[PDB]
Structure formats: C-alpha cells, structure tokens
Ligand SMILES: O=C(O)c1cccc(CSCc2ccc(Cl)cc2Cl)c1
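Only one chain is shown below, in structure tokens, and it's the form deposited without this ligand.
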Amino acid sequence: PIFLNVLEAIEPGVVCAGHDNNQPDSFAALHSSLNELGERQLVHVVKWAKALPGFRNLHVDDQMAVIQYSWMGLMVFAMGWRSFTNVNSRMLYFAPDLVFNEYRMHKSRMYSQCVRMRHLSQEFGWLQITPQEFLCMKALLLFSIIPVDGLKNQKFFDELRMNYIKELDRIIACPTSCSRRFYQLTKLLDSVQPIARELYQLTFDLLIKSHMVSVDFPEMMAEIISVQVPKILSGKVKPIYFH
C-alpha cells in the first residue's frame, strides 16, 4: 500500500495556536490567535504538500499557487477531522489550546461560519469516514482550485489530479456499494469549497478592517490574503467541482 503509507507518513502532527486561555474571550484576542494558528499551519501545509507523490512534477510557480489557493479548505477539512475525533462535533477543535465553545463562536463574530464548520465535522461521523478516506480526500483538496486561465503546466496538473482521483477510487474499492461511496465522498469534497469561500471573504474583510486600525496580521497570512485571496474573491481563481 505505497500510496497510503506515504500519506500516513507525512500527515502533520499537533500544532498549537499559542493562545492564552486565561485572557477574556474578546473578538481581538480570538482572532489574534486564529491568525497565528493559520501562520503556523501554513508552514506545515507547505512541507506536507512538497512531500506528496508527484507534487514536485508541477512547475515551481504552480506548486506555490496551488498551496496559496487551497490552504483554507485543507485547514478547515483537517480541523473538522480533529473536532470529530476529539470533541465529537459540538465544539470546534482548532488546536489543543484553542477550542471554540458556543460563547467563543459568538464573540469571534464568526458564529454562522462555525455552524457550517461544525456540520462538516459531523459529516465524518454521519458517513463513517475512515482515516484512509480522510487522508486521500484531503490530498485531493490540494488539487481542487486553480486559475481560470490555467497553471503554467496545466497538463501535468490535470494528470496529477486524475491520479489522486484514482487513488480515492482504489481505497473505496479495497460495485454498487463502491459507486454510492464515491458519490458520497465527492459530494463531501464539493461541500468544502463554499465553506472555504465564506472564510476567504471573512478573512479578507478582517484584514482590511485591521489595516485601517493599524493591527497587522502575521507576515505570510497578510501577503497571501492580500495577493492571492482576492483572485478567488474576484473569480480569477475557481474551485474544481465534481458535480
């Protein structure tokens, strides 16, 4: 099982937000820690992506682009899995030191987005997603958003995406049950993109608002949210849907 061996081997370990849980649950303090968590996870997403089978076949500029468009969906999908396995879905397990209860969902001013993230987390239980299915679906999310004008070497991207779809098929197969499962998992994958889109809109709006009041985001987050996220929000970069 070479493919699943690799995915299991490179899966990132635990990452803490660095949140001081004895300060009060203010909008400012919670988003400060969420943004730091994202900056810390970005490091792990890059190292994970560069170690995926075939990823280095992509042109170097495409490698960075695909990471810089897919990170929100990757991170939300992983957080949903952590929540499913750690608190069983009525809380959101962003990190061991940053677990959202209903009060923090409200004070962060992200309550509706957290509701949707809780729903995604609960789908891992409703569908009885296996660790192998989770790992292959998460890898596919890296190959599920691209510029409408294409990548520098789109042909290699298309072949790589094809092969990750084949791997998902293989895990399901390892025929009427297979077909239903594949439909369920591809419907689950598609449901990540609208959630990520909402969070992309939110974080852009907050970066603008924070800049107005002279509070800076972490370095890599501020660059990606001002250079790459607006390409998503303006329609120059679009998700690839199955259905």
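The first residue of the sequence shown is number 1, and the count goes up from there.
Chemist: Would you class the number of unmodelled deposited residues between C174 and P175 as none, 1 to 3, 4 to 9, or 10 or more?
Modeler: Per the deposited record, the segment joining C174 and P175 lacks coordinates for 4 to 9 residues.
Chemist: Pick between 83-91 and 152-160: the one whose mean CA B-factor in the entry is higher.
Modeler: It is 83-91 that shows the higher mean C-alpha B-factor.
Chemist: Quick one: say whether 189-197 or 207-215 has the higher mean Cα B-factor in the deposited entry.
Modeler: On average, C-alpha B-factors are higher across 207-215.
Chemist: Hey, out of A51, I67, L202, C178, whose CA B-factor is highest in the deposited coordinates?
Modeler: Largest recorded C-alpha B-factor: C178.
Chemist: Sorting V14, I232, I10, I224 by Cα temperature factor from the record, which one lands on top?
Modeler: Reading the PDB entry, the winner on C-alpha B-factor is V14.
Chemist: Which third of the chain holds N57 when residues are ordered by C-alpha B factor: lowest, middle or highest?
Modeler: Highest third, going by the recorded CA B-factors of the chain.
Chemist: Select lowest, middle or highest to describe the third in which the CA B-factor of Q41 falls within its chain in this entry.
Modeler: According to the entry, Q41 has a C-alpha B-factor in the chain's lowest third.
Chemist: Rank-wise, by C-alpha B-factor, drop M117 into the lowest, middle or highest third of its chain.
Modeler: Middle third.
Chemist: Within this chain's modelled residues, let me know which third the CA B factor of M105 belongs to: lowest, middle or highest.
Modeler: As the PDB entry reports it, the C-alpha B-factor of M105 lands in the middle third of its chain.
Chemist: Considering only modelled residues of the same chain, in which third does the CA B-factor of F124 rank: lowest, middle or highest?
Modeler: CA B-factor rank for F124: middle third.
The same protein also exists as the form solved in complex with this ligand; that form is not shown, yet it is the one meant from here on.
Chemist: Any chance all of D20, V87 and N101 sit within 4.5 Å of this ligand in the deposited complex, going by non-hydrogen atoms?
Modeler: Not a single residue of the candidate spot has a heavy atom within 4.5 Å of this ligand in the deposited complex.
Chemist: Is it the case that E159, even though its partner is missing from this view, gets within 4.5 Å of this ligand in the deposited complex, heavy atoms only?
Modeler: So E159 counts as contacting this ligand.
Chemist: Taking heavy atoms only, is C174 within 4.5 angstroms of this ligand in the deposited complex?
Modeler: Outside the cut-off, so no.
Chemist: Any of the heavy atoms of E167 lying within 4.5 Å of this ligand in the deposited complex?
Modeler: It does: once this ligand is placed as it appears in the deposited complex, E167 has a heavy atom within 4.5 Å of it.
Chemist: Is there a heavy atom of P194 no more than 4.5 Å from a heavy atom of this ligand in the deposited complex?
Modeler: No, no contact at 4.5 Å.
Chemist: What residues in 102-126 sit within 4.5 Å of this ligand in the deposited complex, counting heavy atoms only?
Modeler: Heavy-atom contacts to this ligand in the deposited complex: nothing from 102-126.
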